[PDB]
């Protein structure tokens, strides 16, 4: 198995006003997006040591009673309103991964999309503050820290495609973003449950099968354990780990709106028996956000693809991913 070319891109100019330096970043984003589809964003300004430490304290200290109390509807029939946000339980002996997902902290009972019961909008559920002191404060802060980094990255993608820098970012707003954070624990287990290991067509043992992401872009922190592979025409290639950068790739909404010029890379997660964290932020727009598709290869940029509203995309895509790759 060969190793993927995943460049490290200093994204700090995207936070500044040196326009030529931003264009040089945009060129590197373009190059990576047309190659394997992944790059590492470095010099991003996020305290990832604190993120990993606070996430570890939570996963290691939550008890079965609290997991049932936070569980999404797939694990607790009482929680019919929790399809996205809450706890995703492991099943001892059968399913190793567990996770906690949370949404826009601005989704409160006062929010009009919550009042209207619009699909994909939910109010977050949190553990008891006295059992997990500071966790909710940390997690909400982190949402806005990574929102800020993601907004800068979206300026880079816009410039890479020849658009003005707010072309995507204008639809990525704190009042309505459908973006989510997932705090995923992959545990060390001895013996490791065989039901939790999938065998790929090529014989590789996997924790999660091939998929394209349901996102505009995905902004991922992981601990320093190699696990991801990206598909190329010559087979799967290993993505090297780096626990000081964010790994970035496009989701299928970007592929739709660029007429596949920036593909959503197909990737999968190898089985590794090691305690590790995977903390994705899925950059989603608002429920009604629509971007007119365009084709960067054409002089006129004209595309015959239908505009697709982000909410309908996300509703359909999340369900499809569960059906194909399993309840997580």
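Numbering follows the first chain given and starts at 1.
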Residue stretch of maximal mean CA temperature factor, 124-132 vs 68-76: 124-132
Comparing 210-218 with 102-110, the one whose average Cα B-factor in the PDB entry is higher: 102-110
Most elevated Cα B-factor in the entry, residues 192, 88, 253, 167: 192
Criterion, highest CA B-factor; candidates, 115, 249, 237, 226: 115
Ranked C-alpha temperature factor of residue 261 among modelled chain residues, by third: middle
Chain third (lowest, middle, highest) by recorded CA B-factor, residue given as residue 318: highest
Entry-reported Cα temperature factor of residue 267, expressed as the chain third it lands in: lowest
Among modelled residues of the same chain, the CA temperature factor third for residue 30: lowest
Modelled-residue ranking by C-alpha temperature factor, third containing residue 198: highest
